[PDB]
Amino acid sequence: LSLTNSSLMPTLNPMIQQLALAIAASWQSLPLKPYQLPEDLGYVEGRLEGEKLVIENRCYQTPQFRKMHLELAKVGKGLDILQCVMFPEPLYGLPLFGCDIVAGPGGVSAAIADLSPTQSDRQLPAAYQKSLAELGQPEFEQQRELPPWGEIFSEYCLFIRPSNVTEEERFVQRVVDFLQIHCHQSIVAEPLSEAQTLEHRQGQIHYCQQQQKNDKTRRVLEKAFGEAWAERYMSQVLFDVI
């Protein structure tokens, strides 16, 4: 989580850099252990007939978080990506923190962050609703509508093209606030009942299945590694169904 050894970090979009730092800072003092990705994946790079894709994977776990995944990626010189999901241990019934940032030479094109539900009612737990409302509605000038598979995201989901530096910083601060709420609720959460654990597990499986419908992610992977590799990466590395 010291991103000091990262090859990609110094060359990434500035908003991406600040988000990577914020997420690493949030995780740094947790009771972390490594989480071994399939084939103990770390750094990976590939090219077929076009641009090369490079990805740095970092992945941890704690008793409350089954898998805490931070990816940084670059396609050629034209495209920077940050991806993060904290997959909850269903026993504690926490939502899914997720973030995806895509940037090119012109700036950030997509900034997405959410605390996504795992309950069957598609609602966040009550304490998250209370804490999230207290943050107030952020104003962003260029909102983007989620694609249909995006039904998985909560009403607090951000999906924007930041308009300027003030918006970039506003977005990063909102992600820090979501992380602050989430890490706090993780301390105050109890082991749930076996039926409740099952209901949360089902929500998390649904979230992964829907995230696999994201053809924007899939095409980037396919252009660098091919269809089979991208299928294995999406289903086994990014959005593994437990």
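So that there is no doubt, residue numbering starts at 1 and follows the sequence shown.
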Checklist entry - Comparing 165 to 173 with 129 to 137, which stretch shows the greater average C-alpha B-factor in the deposited entry? => result 129 to 137
Item to check | Stretch with the higher entry mean CA B-factor, where the candidates are 111 to 119 and 89 to 97 | outcome: 89 to 97
Item to check | Which of 28, 180, 64, 214 ranks first by CA B-factor in the deposited coordinates | outcome: 64
Checklist entry - Between 42, 34, 203, 46, which one tops the list for C-alpha B-factor in the PDB entry? => result 34
Checklist outcome for this item: residue 210: C-alpha B-factor third of its chain, per the entry, is the lowest
Checklist entry - If you rank every modelled residue in this chain by C-alpha B factor, which third holds residue 18: lowest, middle or highest? => result lowest
Checklist entry - Hey, what third does residue 74 fall into on Cα B-factor, ranked over its chain? => result middle
Item to check | Chain thirds of CA B-factor: placement of residue 228 | outcome: middle
Next on the checklist: Where does the C-alpha B-factor of residue 9 rank in its chain, lowest, middle or highest third?
Outcome noted: highest
